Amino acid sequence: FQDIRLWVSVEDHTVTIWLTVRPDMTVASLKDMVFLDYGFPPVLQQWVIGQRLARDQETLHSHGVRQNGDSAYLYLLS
């Protein structure tokens, strides 16, 4: 329930963004946060966190996101 700083590499052209997340956040809620803050529609977001393609209902905690500076890759679909 402490904030985590997530390093995100976005590839559609690339950009690196810093997100602030909570470990109990679902991938669905992450997609919603990024939709509002960056404009990427949830249906077009594909999240990779540690060798796995993250599914909407999985938590960041379940994918090993635990400490500031942890990384995720975001790919944007056509």
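One rule holds for the numbers: they count along the sequence shown, beginning at 1.
- Where residue 56 is followed by residue 57 in the displayed chain, the model omits none of the deposited residues that would sit between the two.
- Two stretches are in play, 29-37 and 48-56, and the higher mean C-alpha B-factor belongs to 48-56.
- Remark: residue 8 belongs to the middle third of its chain, ranked by C-alpha B-factor as recorded.
- In this PDB entry, the Cα temperature factor of residue 19 sits in the bottom third of its chain's modelled residues, the lowest group.
- Residue-level temperature factors show residue 67 in the highest third of its chain, judged at the C-alpha atom.
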